[PDB]
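Pasted below: structure.txt, compact mmCIF, C-alpha atoms and all ligand atoms.
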# COMPACT_ATOMS: atom_id res chain seq x y z
CA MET A 1 -48.80 -42.79 -92.18
CA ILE A 2 -45.22 -41.60 -92.55
CA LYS A 3 -44.24 -40.89 -89.01
CA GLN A 4 -41.82 -38.62 -87.21
CA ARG A 5 -38.83 -40.43 -85.71
CA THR A 6 -36.78 -40.05 -82.56
CA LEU A 7 -34.21 -42.24 -80.76
CA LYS A 8 -35.06 -45.47 -78.90
CA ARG A 9 -32.48 -44.93 -76.20
CA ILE A 10 -30.07 -42.43 -74.70
CA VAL A 11 -26.50 -42.76 -76.00
CA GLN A 12 -23.25 -40.98 -75.23
CA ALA A 13 -19.77 -40.44 -76.71
CA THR A 14 -16.73 -38.36 -75.90
CA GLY A 15 -14.30 -36.49 -78.10
CA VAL A 16 -12.19 -33.37 -78.34
CA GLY A 17 -13.59 -29.88 -78.93
CA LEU A 18 -12.02 -28.30 -82.03
CA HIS A 19 -11.81 -24.91 -80.28
CA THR A 20 -10.97 -25.73 -76.68
CA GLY A 21 -8.93 -28.88 -77.28
CA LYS A 22 -10.74 -30.34 -74.27
CA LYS A 23 -12.66 -33.55 -73.77
CA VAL A 24 -16.34 -33.07 -74.55
CA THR A 25 -19.08 -35.50 -73.56
CA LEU A 26 -21.91 -35.73 -76.06
CA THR A 27 -25.33 -37.17 -74.99
CA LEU A 28 -28.20 -37.86 -77.44
CA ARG A 29 -31.74 -38.25 -76.06
CA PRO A 30 -35.17 -39.27 -77.45
CA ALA A 31 -37.78 -36.51 -77.65
CA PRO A 32 -41.56 -36.22 -78.18
CA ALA A 33 -43.36 -35.46 -81.42
CA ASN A 34 -43.08 -31.93 -82.86
CA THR A 35 -40.34 -30.76 -80.48
CA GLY A 36 -37.74 -30.86 -83.25
CA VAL A 37 -33.95 -30.82 -82.88
CA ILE A 38 -32.64 -29.10 -79.75
CA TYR A 39 -28.99 -28.50 -78.95
CA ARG A 40 -28.32 -28.01 -75.28
CA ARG A 41 -25.32 -26.80 -73.27
CA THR A 42 -25.06 -28.44 -69.84
CA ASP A 43 -21.77 -26.77 -68.90
CA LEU A 44 -23.72 -23.58 -68.10
CA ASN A 45 -25.95 -23.55 -65.04
CA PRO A 46 -28.78 -23.43 -65.68
CA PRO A 47 -28.49 -25.37 -68.97
CA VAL A 48 -29.16 -23.42 -72.18
CA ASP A 49 -31.28 -24.79 -75.04
CA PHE A 50 -30.76 -23.88 -78.72
CA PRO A 51 -33.63 -25.08 -80.97
CA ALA A 52 -32.33 -25.68 -84.51
CA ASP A 53 -33.66 -22.71 -86.48
CA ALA A 54 -32.43 -21.04 -89.69
CA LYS A 55 -32.59 -17.60 -88.04
CA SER A 56 -30.42 -18.60 -85.12
CA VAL A 57 -27.46 -19.60 -87.25
CA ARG A 58 -24.19 -17.69 -87.31
CA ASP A 59 -21.28 -18.60 -89.61
CA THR A 60 -18.11 -18.28 -87.56
CA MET A 61 -14.48 -18.44 -88.72
CA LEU A 62 -14.50 -22.17 -88.04
CA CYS A 63 -17.61 -24.24 -88.63
CA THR A 64 -21.03 -22.84 -87.61
CA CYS A 65 -22.74 -21.80 -84.36
CA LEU A 66 -26.32 -21.45 -83.02
CA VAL A 67 -27.15 -18.45 -80.80
CA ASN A 68 -29.80 -17.59 -78.22
CA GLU A 69 -31.40 -14.25 -77.26
CA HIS A 70 -28.33 -13.22 -75.25
CA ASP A 71 -25.71 -14.29 -77.82
CA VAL A 72 -24.54 -17.32 -75.89
CA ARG A 73 -23.42 -19.91 -78.46
CA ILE A 74 -23.00 -23.55 -79.25
CA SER A 75 -20.57 -24.30 -82.09
CA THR A 76 -19.71 -27.04 -84.60
CA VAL A 77 -23.23 -28.39 -84.98
CA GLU A 78 -23.39 -28.90 -88.72
CA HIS A 79 -21.66 -32.26 -89.18
CA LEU A 80 -23.89 -33.89 -86.55
CA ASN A 81 -26.86 -32.07 -88.09
CA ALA A 82 -26.01 -33.64 -91.45
CA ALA A 83 -26.11 -37.10 -89.84
CA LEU A 84 -29.55 -36.30 -88.35
CA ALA A 85 -30.77 -35.51 -91.87
CA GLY A 86 -29.02 -38.59 -93.29
CA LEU A 87 -30.67 -40.96 -90.82
CA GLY A 88 -34.02 -39.18 -90.83
CA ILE A 89 -34.14 -38.15 -87.17
CA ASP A 90 -36.85 -35.49 -86.56
CA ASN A 91 -37.00 -35.02 -82.79
CA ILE A 92 -33.95 -35.21 -80.57
CA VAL A 93 -32.18 -33.54 -77.67
CA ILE A 94 -28.42 -33.22 -78.13
CA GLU A 95 -26.45 -32.24 -75.02
CA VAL A 96 -22.83 -31.29 -74.57
CA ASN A 97 -21.03 -30.31 -71.40
CA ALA A 98 -19.03 -27.76 -73.39
CA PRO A 99 -19.51 -24.86 -75.78
CA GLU A 100 -19.16 -27.06 -78.87
CA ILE A 101 -20.00 -30.43 -80.40
CA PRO A 102 -16.89 -32.69 -80.54
CA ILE A 103 -15.13 -32.57 -83.97
CA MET A 104 -14.47 -36.33 -84.09
CA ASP A 105 -12.56 -37.27 -87.25
CA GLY A 106 -13.91 -34.18 -89.10
CA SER A 107 -16.71 -36.09 -90.88
CA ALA A 108 -20.26 -37.22 -90.02
CA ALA A 109 -19.48 -40.95 -89.92
CA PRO A 110 -18.83 -41.31 -86.17
CA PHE A 111 -22.23 -39.71 -85.53
CA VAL A 112 -23.81 -42.26 -87.87
CA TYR A 113 -22.67 -45.16 -85.72
CA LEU A 114 -23.69 -43.30 -82.58
CA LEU A 115 -27.22 -42.72 -83.90
CA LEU A 116 -27.48 -46.37 -84.95
CA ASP A 117 -26.62 -47.41 -81.37
CA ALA A 118 -29.54 -45.27 -80.15
CA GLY A 119 -32.11 -46.92 -82.45
CA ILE A 120 -35.26 -45.49 -84.02
CA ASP A 121 -38.63 -44.91 -82.44
CA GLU A 122 -41.56 -43.92 -84.64
CA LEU A 123 -44.00 -41.44 -83.10
CA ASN A 124 -47.69 -41.27 -83.99
CA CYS A 125 -47.65 -37.86 -85.70
CA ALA A 126 -47.16 -37.07 -89.37
CA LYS A 127 -43.71 -36.10 -90.59
CA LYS A 128 -43.89 -32.71 -92.31
CA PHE A 129 -41.81 -32.03 -95.43
CA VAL A 130 -41.06 -28.68 -97.00
CA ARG A 131 -42.01 -28.88 -100.68
CA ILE A 132 -40.51 -26.27 -103.03
CA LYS A 133 -43.06 -24.58 -105.35
CA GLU A 134 -41.40 -21.45 -106.76
CA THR A 135 -37.77 -21.20 -107.76
CA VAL A 136 -35.72 -19.30 -105.19
CA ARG A 137 -32.21 -18.04 -105.72
CA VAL A 138 -29.74 -16.11 -103.62
CA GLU A 139 -26.34 -14.78 -104.54
CA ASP A 140 -23.17 -13.26 -103.17
CA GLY A 141 -21.24 -11.77 -106.06
CA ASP A 142 -19.85 -14.65 -108.09
CA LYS A 143 -21.47 -17.16 -105.73
CA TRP A 144 -25.06 -18.35 -105.82
CA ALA A 145 -27.45 -20.96 -104.45
CA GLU A 146 -30.91 -21.96 -105.55
CA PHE A 147 -33.79 -24.29 -104.94
CA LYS A 148 -36.09 -25.52 -107.66
CA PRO A 149 -39.26 -27.67 -107.68
CA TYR A 150 -38.51 -31.36 -108.04
CA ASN A 151 -40.29 -34.42 -106.72
CA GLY A 152 -37.24 -35.54 -104.81
CA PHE A 153 -34.13 -34.14 -103.18
CA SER A 154 -31.10 -33.60 -105.38
CA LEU A 155 -27.91 -31.63 -104.69
CA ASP A 156 -25.52 -30.24 -107.29
CA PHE A 157 -22.42 -28.68 -105.82
CA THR A 158 -19.63 -26.87 -107.52
CA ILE A 159 -16.59 -25.68 -105.63
CA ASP A 160 -13.87 -23.69 -107.28
CA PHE A 161 -10.54 -24.60 -105.99
CA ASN A 162 -7.27 -23.58 -107.36
CA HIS A 163 -5.24 -25.57 -105.05
CA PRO A 164 -2.75 -27.91 -106.55
CA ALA A 165 -4.11 -30.76 -104.53
CA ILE A 166 -7.56 -30.41 -105.98
CA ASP A 167 -7.75 -31.47 -109.59
CA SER A 168 -10.24 -30.24 -112.19
CA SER A 169 -12.19 -33.51 -112.40
CA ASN A 170 -12.93 -33.21 -108.66
CA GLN A 171 -14.70 -29.89 -108.23
CA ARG A 172 -18.25 -30.92 -108.74
CA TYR A 173 -20.39 -33.50 -107.07
CA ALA A 174 -24.02 -34.38 -107.75
CA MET A 175 -26.24 -36.84 -105.95
CA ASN A 176 -29.81 -37.88 -105.44
CA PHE A 177 -30.23 -37.92 -101.72
CA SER A 178 -31.09 -41.02 -99.77
CA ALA A 179 -30.08 -42.34 -96.39
CA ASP A 180 -27.98 -45.07 -98.00
CA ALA A 181 -26.29 -42.67 -100.40
CA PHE A 182 -25.51 -40.23 -97.60
CA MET A 183 -23.98 -42.90 -95.42
CA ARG A 184 -21.92 -44.42 -98.24
CA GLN A 185 -20.87 -41.49 -100.43
CA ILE A 186 -20.87 -38.52 -98.05
CA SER A 187 -20.71 -39.34 -94.33
CA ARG A 188 -16.97 -40.16 -94.26
CA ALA A 189 -15.81 -37.05 -96.15
CA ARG A 190 -13.72 -34.91 -93.80
CA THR A 191 -13.46 -31.20 -93.23
CA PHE A 192 -10.29 -29.56 -94.42
CA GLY A 193 -8.07 -26.62 -93.74
CA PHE A 194 -4.88 -24.78 -94.61
CA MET A 195 -1.91 -25.53 -92.32
CA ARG A 196 -0.56 -21.99 -92.01
CA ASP A 197 -4.01 -20.72 -91.00
CA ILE A 198 -4.40 -23.47 -88.39
CA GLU A 199 -0.87 -22.71 -87.15
CA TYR A 200 -1.79 -19.07 -86.78
CA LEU A 201 -5.09 -19.73 -85.00
CA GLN A 202 -3.30 -21.96 -82.50
CA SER A 203 -0.66 -19.31 -81.81
CA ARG A 204 -3.53 -17.22 -80.48
CA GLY A 205 -4.98 -20.06 -78.41
CA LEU A 206 -7.64 -20.95 -80.98
CA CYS A 207 -8.47 -24.16 -82.84
CA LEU A 208 -6.65 -25.99 -80.03
CA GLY A 209 -8.26 -29.34 -80.89
CA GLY A 210 -7.05 -29.27 -84.48
CA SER A 211 -4.98 -32.27 -85.55
CA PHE A 212 -4.48 -34.51 -88.58
CA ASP A 213 -6.94 -36.82 -86.84
CA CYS A 214 -9.79 -34.33 -87.27
CA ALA A 215 -9.17 -32.75 -90.68
CA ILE A 216 -7.50 -32.95 -94.05
CA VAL A 217 -4.65 -30.43 -93.79
CA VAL A 218 -2.89 -29.02 -96.88
CA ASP A 219 0.01 -26.63 -97.21
CA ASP A 220 0.45 -24.55 -100.38
CA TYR A 221 1.23 -27.66 -102.43
CA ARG A 222 -0.23 -30.90 -101.10
CA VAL A 223 -2.23 -32.88 -98.58
CA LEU A 224 -0.12 -33.44 -95.44
CA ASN A 225 -2.11 -36.31 -93.88
CA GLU A 226 0.11 -39.42 -94.34
CA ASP A 227 -2.78 -41.63 -95.48
CA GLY A 228 -3.96 -39.03 -98.00
CA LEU A 229 -7.60 -38.76 -99.07
CA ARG A 230 -10.54 -41.11 -98.49
CA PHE A 231 -11.96 -40.13 -101.91
CA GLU A 232 -10.32 -38.31 -104.82
CA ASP A 233 -12.99 -35.66 -104.53
CA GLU A 234 -13.20 -35.69 -100.71
CA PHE A 235 -13.18 -31.86 -100.54
CA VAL A 236 -16.38 -31.35 -102.52
CA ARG A 237 -18.08 -34.35 -100.91
CA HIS A 238 -17.44 -32.59 -97.59
CA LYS A 239 -18.99 -29.36 -98.88
CA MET A 240 -22.03 -31.45 -99.79
CA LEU A 241 -22.12 -32.88 -96.28
CA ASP A 242 -21.99 -29.29 -94.95
CA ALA A 243 -24.88 -28.23 -97.27
CA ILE A 244 -27.10 -31.09 -96.01
CA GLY A 245 -26.38 -29.99 -92.43
CA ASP A 246 -27.04 -26.32 -93.34
CA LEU A 247 -30.39 -27.11 -94.98
CA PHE A 248 -31.56 -29.39 -92.17
CA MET A 249 -31.34 -26.39 -89.82
CA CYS A 250 -35.06 -25.79 -90.54
CA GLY A 251 -35.75 -29.16 -88.96
CA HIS A 252 -37.48 -30.60 -92.02
CA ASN A 253 -36.47 -32.58 -95.08
CA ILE A 254 -36.93 -30.47 -98.19
CA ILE A 255 -38.43 -31.76 -101.41
CA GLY A 256 -36.71 -29.88 -104.23
CA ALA A 257 -33.57 -29.46 -106.35
CA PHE A 258 -30.57 -27.84 -104.69
CA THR A 259 -27.88 -26.28 -106.82
CA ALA A 260 -24.96 -24.12 -105.70
CA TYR A 261 -21.80 -22.55 -107.12
CA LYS A 262 -19.07 -21.72 -104.62
CA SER A 263 -21.63 -21.70 -101.83
CA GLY A 264 -20.89 -22.34 -98.19
CA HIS A 265 -22.48 -22.01 -94.77
CA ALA A 266 -23.47 -18.35 -95.06
CA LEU A 267 -25.01 -18.62 -98.51
CA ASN A 268 -26.83 -21.93 -97.93
CA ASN A 269 -28.42 -20.51 -94.82
CA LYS A 270 -29.24 -17.35 -96.75
CA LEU A 271 -31.06 -19.55 -99.27
CA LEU A 272 -32.86 -21.44 -96.50
CA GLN A 273 -34.18 -18.20 -94.99
CA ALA A 274 -35.09 -16.74 -98.37
CA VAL A 275 -37.16 -19.81 -99.21
CA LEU A 276 -38.91 -19.87 -95.85
CA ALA A 277 -39.71 -16.12 -95.84
CA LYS A 278 -41.34 -16.26 -99.28
CA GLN A 279 -44.65 -17.83 -98.26
CA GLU A 280 -45.77 -18.76 -101.76
CA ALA A 281 -42.47 -20.37 -102.61
CA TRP A 282 -43.05 -23.38 -100.35
CA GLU A 283 -45.58 -25.56 -98.52
CA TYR A 284 -45.67 -28.30 -95.88
CA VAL A 285 -46.70 -31.73 -97.14
CA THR A 286 -47.33 -35.05 -95.42
CA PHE A 287 -47.68 -38.61 -96.65
CA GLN A 288 -50.64 -40.69 -95.54
CA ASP A 289 -49.82 -43.63 -97.73
CA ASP A 290 -46.14 -44.45 -97.60
CA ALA A 291 -46.21 -45.16 -101.35
CA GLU A 292 -46.34 -41.41 -101.98
CA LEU A 293 -42.98 -41.00 -100.25
CA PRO A 294 -40.36 -40.02 -102.82
CA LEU A 295 -37.46 -42.48 -102.85
CA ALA A 296 -35.02 -39.89 -101.47
CA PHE A 297 -36.58 -40.02 -98.02
CA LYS A 298 -37.05 -43.74 -97.54
CA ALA A 299 -35.92 -45.23 -94.22
CA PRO A 300 -32.24 -46.32 -94.14
CA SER A 301 -31.55 -50.02 -94.73
CA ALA A 302 -29.23 -50.19 -91.71
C1 LIG B 401 -14.20 -26.74 -94.70
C2 LIG B 401 -14.81 -25.50 -94.04
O1 LIG B 401 -16.11 -25.26 -94.58
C3 LIG B 401 -14.92 -25.71 -92.53
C4 LIG B 401 -15.33 -24.41 -91.86
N1 LIG B 401 -13.61 -26.14 -92.01
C5 LIG B 401 -13.50 -26.28 -90.68
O2 LIG B 401 -14.43 -26.07 -89.89
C6 LIG B 401 -12.25 -26.69 -90.23
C7 LIG B 401 -12.15 -27.54 -89.13
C8 LIG B 401 -10.90 -27.94 -88.68
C9 LIG B 401 -9.75 -27.50 -89.33
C10 LIG B 401 -8.56 -27.99 -88.81
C11 LIG B 401 -7.39 -28.44 -88.31
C12 LIG B 401 -6.18 -28.82 -87.88
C13 LIG B 401 -5.03 -29.11 -87.55
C14 LIG B 401 -3.73 -29.46 -87.15
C15 LIG B 401 -3.05 -30.48 -87.81
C16 LIG B 401 -1.80 -30.88 -87.35
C17 LIG B 401 -1.22 -30.27 -86.25
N2 LIG B 401 -0.03 -30.66 -85.82
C18 LIG B 401 -1.90 -29.25 -85.59
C19 LIG B 401 -3.15 -28.84 -86.04
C20 LIG B 401 -9.86 -26.65 -90.42
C21 LIG B 401 -11.11 -26.24 -90.87
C22 LIG B 401 -15.96 -26.79 -92.24
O3 LIG B 401 -15.63 -27.97 -92.10
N3 LIG B 401 -17.22 -26.35 -92.16
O4 LIG B 401 -18.25 -27.34 -91.88
ZN ZN B 402 -17.70 -29.15 -92.47
Whole structure, C-alpha cells version:
Amino acid sequence: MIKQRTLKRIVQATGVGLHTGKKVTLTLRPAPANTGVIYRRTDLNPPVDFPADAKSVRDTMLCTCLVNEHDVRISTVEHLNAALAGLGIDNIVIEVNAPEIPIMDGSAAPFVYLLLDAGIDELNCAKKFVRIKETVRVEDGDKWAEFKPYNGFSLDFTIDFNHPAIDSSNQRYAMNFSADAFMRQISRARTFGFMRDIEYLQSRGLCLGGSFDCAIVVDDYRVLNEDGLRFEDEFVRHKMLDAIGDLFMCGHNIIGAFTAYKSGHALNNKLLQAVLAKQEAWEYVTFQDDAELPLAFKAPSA
C-alpha cells in the first residue's frame, strides 16, 4: 500500500519572525494517521490549533495567514507548507511560540533540512490523492489559474514583471513535480520585495524582521543583495514554490496539470476552493500497488 507519512522524531529550530523581528522557536511533531497538517500557536494560553484548510486561508499584505473561528491568526505558513508537500509529509503538528512561522532565508530550503532531521515514519493507512477529472478555471481580470486532468502533477507558471532586474527569458517556469525536483530546482528560491515598500512598512513598525538575509530586495533598478541571485529566474521559481504551498493547503497531493498566468496566493487558493466545491470535478484516489503511483509522487531519494 502507499502509506501516509509523518515524522519519526520531534525537531526544533529558531529564527526571526518577519513581522515582529523577534526570535521564534519552531517545533515539528509526529502525528497519527488522518489528522493532517496542524499549525499551532503556543504563545497563547491555551494554545490555538489551525488545521490546514483551503477555507481558512487569508492572503495578507505579506505572505499568507490561517485563521480560526475568532479571527486569531498564524502567519507565514506557505514556505514551510511547500516543504511539507515537497517531502511528502501528510500528518504533522507544527508549533510556534509566536504569531508567525520564522522567515528563515526567505526560501523553503532550511525547512527541508529540518524535516530530514526529523525522519519519516510510514503509518498503516492509505494516502489519499485528489485526482482532477473536469477542467476548472478561475480568473481575476487579466489573471487566471486552472487545473486540468493529467496523470501526474505539472506546474506551468507565468509571471509578468516589468522590472529591469527581471529579464524576458526569466518570466516563465515549468516543471514536472517530484520530491527531488522540488528540493533541487525550487526549495532554495527566495521571496522578494521592493525596498521602498519594506522601508515604509518598517517606519510603521511592520515587517520588522525584514533583512537582506531573508529576501531578495530590489530598488527601482536592480537587485540590492550583494551576492545577487541564486538562479537567473529566482523570482518565478519562488512563485512556483508559493503555488505548491498554496495548493498543499488542502492537505493532499493533487494529480493534475496546474497552469497559471500572473497568479498568486489569492488566486491559487481561489482555484483550490473552486476545484474542491465542484464535486464532479475531482475524486480521492489511493494506490494499493505502489507501481500505480505516478512518478511525481515517489518518495524522495534523500
Ligand atoms: C513574493 C511575495 O509573493 C511575498 C508575499 N513576499 C513576501 O512575503 C515578502 C517577504 C519579505 C520581504 C522582505 C524584506 C526585507 C528587507 C530589508 C532589507 C534590508 C534592510 N536593511 C531592511 C529590510 C518582502 C516580501 C511572498 O514571499 N509570498 O510567499
Ligand atoms: Zn513566498
**Asked** Could you name the residues that touch residue 28 (chain A) at 10 Å or less, counting only C-alpha atoms, but leaving out those on the same chain fewer than 3 positions away, as an NGL selection string?
**Response** :A and (7 or 9-13 or 31 or 39 or 92-96 or 114-115 or 118)
**Message:** Which residues are near ligand ZN 402 (chain B) in this structure, taking near to mean any atom at most 12 Å from a ligand atom and counting only C-alpha atoms and all ligand atoms? Format them as a PyMOL selection string.
**Reply:** chain A and resi 18+59-64+75-83+103-108+186-193+214-216+234-246+264-265
**Request:** Have a look at CA of residue 183 (chain A) and CA of residue 210 (chain A) and let me know their distance in Å, one decimal.
**Result:**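 Between CA of residue 183 (chain A) and CA of residue 210 (chain A) the gap is 24.3 Å.
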**Message:** Given the point (-47.0, -28.7, -99.8) in the file's coordinates, find the residues that have an atom at most 10 Å from it, counting all atoms listed in the file, and give them as a ChimeraX atom specification.
**Reply:** /A:128-133,255,281-286
Specify the axis-aligned box that encloses all atoms of ligand LIG 401 (chain B) listed in the file after padding of 4 Å on each side, stating its centre and edge lengths in Å to one decimal as JSON.
{"center_x": -9.1, "center_y": -27.6, "center_z": -90.1, "size_x": 26.2, "size_y": 14.5, "size_z": 17.1}
**Message:** Residues within 6 Å of residue 153 (chain A), please, as a ChimeraX atom specification. Count only C-alpha atoms; anything in the same chain fewer than 4 positions from it doesn't count.
**Reply:** /A:177,255-257
